[PDB]
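Could you have a look at this structure, given as structure tokens, before my questions?
As written, the chains take the letters A, B, C, D, E, F and G, and residue 1 is the first residue of each chain.
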Amino acid sequence: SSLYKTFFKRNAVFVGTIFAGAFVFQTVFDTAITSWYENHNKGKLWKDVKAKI
Amino acid sequence: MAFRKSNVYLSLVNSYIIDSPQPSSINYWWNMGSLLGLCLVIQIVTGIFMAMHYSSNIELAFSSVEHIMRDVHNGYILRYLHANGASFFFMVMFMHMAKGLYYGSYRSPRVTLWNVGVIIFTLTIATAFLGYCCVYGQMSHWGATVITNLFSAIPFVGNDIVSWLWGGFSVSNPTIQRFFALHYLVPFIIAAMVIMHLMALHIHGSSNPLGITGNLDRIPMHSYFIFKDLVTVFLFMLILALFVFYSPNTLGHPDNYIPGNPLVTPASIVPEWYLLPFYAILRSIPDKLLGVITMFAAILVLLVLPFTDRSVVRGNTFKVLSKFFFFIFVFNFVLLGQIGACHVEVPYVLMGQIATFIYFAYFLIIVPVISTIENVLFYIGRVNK
Amino acid sequence: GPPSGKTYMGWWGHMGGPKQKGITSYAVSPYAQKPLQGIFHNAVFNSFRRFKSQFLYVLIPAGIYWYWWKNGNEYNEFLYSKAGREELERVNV
Amino acid sequence: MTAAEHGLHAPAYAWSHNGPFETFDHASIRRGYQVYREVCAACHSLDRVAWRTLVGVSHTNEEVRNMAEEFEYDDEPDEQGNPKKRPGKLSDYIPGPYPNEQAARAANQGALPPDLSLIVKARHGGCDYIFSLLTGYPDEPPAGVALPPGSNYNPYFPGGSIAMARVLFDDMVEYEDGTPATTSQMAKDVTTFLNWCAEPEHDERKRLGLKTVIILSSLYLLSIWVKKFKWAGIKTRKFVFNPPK
Amino acid sequence: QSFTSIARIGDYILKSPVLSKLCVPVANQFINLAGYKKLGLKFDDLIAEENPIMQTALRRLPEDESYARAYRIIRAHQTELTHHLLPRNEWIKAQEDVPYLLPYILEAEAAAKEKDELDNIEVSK
Amino acid sequence: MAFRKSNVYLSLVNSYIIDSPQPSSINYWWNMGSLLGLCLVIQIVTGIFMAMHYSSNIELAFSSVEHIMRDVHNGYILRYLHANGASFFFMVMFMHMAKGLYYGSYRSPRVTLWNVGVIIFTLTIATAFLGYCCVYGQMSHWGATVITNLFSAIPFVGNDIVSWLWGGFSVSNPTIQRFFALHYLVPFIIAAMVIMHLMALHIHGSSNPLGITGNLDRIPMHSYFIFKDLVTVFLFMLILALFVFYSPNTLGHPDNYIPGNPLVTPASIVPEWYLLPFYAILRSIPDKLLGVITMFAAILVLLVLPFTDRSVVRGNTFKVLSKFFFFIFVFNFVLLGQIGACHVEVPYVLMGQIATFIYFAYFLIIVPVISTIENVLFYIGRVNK
Amino acid sequence: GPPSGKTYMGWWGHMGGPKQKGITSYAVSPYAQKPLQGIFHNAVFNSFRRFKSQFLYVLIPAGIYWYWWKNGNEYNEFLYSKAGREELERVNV
């Protein structure tokens, strides 16, 4: 793929670049799941029952 | 020469994880070993971290665990991981042992490797029992009672060995507090036993599916099995993750959520799943002494294999009758466990006894007979004199 | 460190196998190979050929045992039912 | 073993929370607390559930503080060492109805009502069994079933004979949210409540489960693909033999 | 188990036309069912070699049979690790499936048997 | 080839305790090594046995210890042995360290050996302090407090590390229960750390009093040093028995027989005798942070020794100026520990500061300066070019 | 097993020392020797001479130190008594 050759240029991803990316993921990925999960369970959550009060 | 090679410490590693000569043809069954190693770590780590919240005291015991379950952040993950890890430890261990029987890993020069392995098996079953007691739920207390009482079968001193283990007139505070200490101790002894297991493995190398010499074609452990062990490592974790998060108590028993009670043994009392086949065997002999002797025998008879195996070739890959009977053995083991799970009722009792027979018969009669027959079958099938 | 007992395995350079002569091996770089295929088209009909050979040593035993269990389990279910309670009293004690 | 002894198998009801992606219905949990406080709490303890644990799950900080303060707990004796009481606080545990076991059995024909903190987990069937046991009390024992004085028949309980009578009856509770308090509508509620009581980590756990299974799944797939790449050289390898002269 | 033993029992069968006509077929089928020929291996290549006797034998084996055996074994491992079977035409045809190492084994065995006997020979005056 | 040599497990035992080539001239200071091995066992065995009766729960902790003293059969023998065995461990450890420091064992190829040893020192002190907390006496509580607070000196994350360790607002139940947990764990690590110390020893062998090579005249470990070691083993047990039976509490602090109390630090608070010199060094610096940096430095400074000893010959046997300055260091060290048991009062503060200077100045100035002079002195005293 | 780095100590038969020649040692069995005498008459006036040389190396440092301690120790004692409540108030803060 030419997308790899522009970003990393035929060199494996560096260990520093890995960790850096690893952090971003943690937050990004988490919020995504948390959201999908809360939404799917709408009406059951405490946030939702607290409003009907 | 390279540093990893010359250094005192690193070299031990290099020759066990990096340059270690492996047979090019070992399949995924050979991945069971590293998995057992991982289980030991998981168990040990999750354990030490829970010890920081546990109370050996017979009164505080069950509650402290429930304290780990509710108050300790991520506590439940630690408990559900320890608890399910134990069960997975046994699943993987049985598989590791099965791989041994099938591929004849026990014979050849690898006997000592096998014998040490058996010891480990005994040590693990012990460790797990001690740990199960620490929860001090109904299944805990009664299991503690029944199992320590196995020793009252010893002729004279028998009852003394028992009240000595208990440290009282029955399973009580002394017994739980001591079983916790012991539960902490044994795992380290196991680790120790594991290094010896590895040391014996290391002189003759691992075996392969063909059952012949590997010396003609080897590939370094590193940049091969490190990556291949990783495939099964990740899978192992995935499947465990599923239980730990989505089915945490399926492998357990409900009664162990009711504190222990000395005056009441639940009508639903049943051993942990991995102990059943053995529990089943003891239950089949209608005599106290014999039941316990026959049970321990069921474990020790594993030592007899490098001698009853009369074959002149190693492993089941090319033996027909062997494969078949090997599978009669495996399922019979499962049926044996299935039996331990049912009640002591008419259709099941006789079944348990027959299955028990088969079990012992495989090691002392089947294997030696079939192996001899197959030896000749091989000879007369191509010899023209 | 002193010398230890002879084994059946050495190490690189003296693994202790038979003198090899005549065998010649060729291999290629993983970098120069098709980005992991082989799965489907060429090795899909090749896959599962194993356990189509072995499946009998596995099935026959499984069958023998699962049948034996089921059968024996039904007899249990019967004995403790209303109908069998007469036969139950016979074979029990 | 005779079915009467095994007990009638509890059916599989459709719990709003059965499911790898499903959370408890906190709306039902709330109503559950009420069914417990007005009907069950007169015989059953909840020793393992601390007041604060309701805050943010079924009620509000104020509501809990208020439910707590209605009970007195032992406090440090005063200047001269005289034992004195105190209104409950969030850090406390829901008080039981009996001070001890002897007293509990006196008020129950000799029987002891288990603490319901881990009941859903201490029984095969869980929600399904607790719920079924609550609703399935037939008005009369089957023909031939002689019942011991002070006992009650219920097919779901093992042996059929159970010391607890029937307690759930239509409209016995006045639900705050205007929900019809039918005897089964309540059973559905208390059970859900009792489930959270025993498994408070619930929602949080299934969420982490989702993160874990996704990540590990990827690591597994990735790892297979990586292994194949490294092993490619060996897999495709070829040998040719020429018997030396 | 010894080959002196295997060869004892086997020959006796192979001699009496009653046992012979009855067993040889089972044996031929047992072998074709074993599947080793399908990996380009002769039975003698399967004999576990981690013992003095086999070690003695293998050394005494003429150079050419040895290099050949070497190849066969490697080939077996490469095929097995690829999870395939050798192309049908490369399978060892039963006529090739000869007990080439056997004579050496038996020689070595009986040689050991004697050494063993002469070490414990009693004397009678 | 003999069996003790050919077996995978006995060959290890053999090359370490039986056939191991030793320098004929090694004196009794070389006996400290095995003594430490014994100590590790005494501590571990006694500990596990006591653990069967111990309760880490803060409300039960102190009393469970008394329960051991008052109710457990030989419980007092177990406790007094463990407690005194702890002090002997240090009296010996110090000697073992000193011998090496004197005979230049930290030099030549044995640096890694010495460096591993330094880790074991840091770990042993840690294990010891974890165990001292388990009694939860006044000294316990306050030792627990002060020491964990040593980390509140770290600039930013400070307090966070501290409350993390405590697992609460202060030293309470969580602290004592995780501390027992860890007190059980470290010993097994020390044990591991010891086997590495041994592996590092085993490639070069021990040195000797002459400080020269012992390759010309070797004598096996067995039947010489096995029996020579026995002499000190017994001698060691004889003195430990004198303390355990006739003077069990002389090495302790009376305040520890009073249950720990969070609102009152006793005006009699004093660290364990083996920690005093280090306590003293910390007190001698009127800055909070520098106080802990200097104290930790006083331990780390031992790693510097293989680089500051410029001498061209090993050991102090033939160096007049070194033998002198060595003892100046030894006594200085004792004076340091004495100042520690003293109060923070006028002549003692300044004294403590002068000695702290000397301590560090020994490894950094004296040794290099002195050894260079001795090298030259050795030269000019016989060169007539 | 694989090789390891070069140490400065081998084992019996190749200890790693210089080639020895011309040295002849003689010894007698511990069984043919007098039932452990030595001490008293031969090795009684030989001992302690092995701490007569060293004695000055230990003693002086021990001396300098014990004097220093004892000395400033007396000063503390003085300072915290009536006789020095004035000297104390001076050299304290």
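We take it that a residue touches a chain if its C-beta (ideal position, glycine included) is under 8 Å from a C-beta of that chain, and two chains touch if they have at least 3 such contacts.
Each chain and its UniProt protein: A = Cytochrome b-c1 complex subunit 9, mitochondrial; B, F = Cytochrome b; C, G = Cytochrome b-c1 complex subunit 8, mitochondrial; D = Cytochrome c1, heme protein, mitochondrial; E = Cytochrome b-c1 complex subunit 7, mitochondrial.
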Could you name all chains that are in contact with chain D and with chain F at the same time? B, C
Suppose chain centres are the mean of their C-alpha atoms. Which chain sits farthest from chain F? E
Determine the chain that sits nearest the middle of the structure, using the mean of its CA atoms as its centre. B
Looking only at C-beta pairs that count as contacts, which pair of chains has more of them, C-E or A-D? A-D
C-F, B-C or B-G - pair sharing over half of the F-G contact pairs: B-C
How many angstrom between the C-alpha centroids of chain F and chain B? 40
Averaging C-alpha coordinates per chain, one finds the centres of chain A and chain G separated by a number of Å equal to 67
For chain C, which residues are shared contacts with two or more other chains? 1-2, 8, 11-12, 17-18, 20-23, 80
For chain F, residues contacting two or more additional chains: 8, 15, 19, 203
Residues within chain D bordering two or more other chains: 1, 230-231, 234, 237, 239, 241, 243-244
Would you mind giving me the full set of chain pairs in touch? A-D, B-C, B-D, B-E, B-F, B-G, C-D, C-E, C-F, C-G, D-E, F-G
Residues on chain G engaged by chain B in the complex (per definition of touch): 1-5
Over in the complex, which chain D residues touch chain C? Could you list them? 1-3, 225, 228-234, 236-244
Per the contact definition, I'd like the list of chain E residues that touch chain C in the complex. 35, 50, 58, 66-67, 69-71, 74, 83-84
Chain F contacts chain G in the complex at 15, 19, 21, 109, 203-205, 213, 215-216, 218, 323-324, 326-328, 330-332, 334-335, 338, 342-343, 345-348, 351
Within their complex, chain G touches chain F through residues 4, 7-9, 11-12, 15-18, 20, 54, 57-58, 60-62, 64-65, 68-69, 72-73, 75-76, 79-80, 88, 91-92
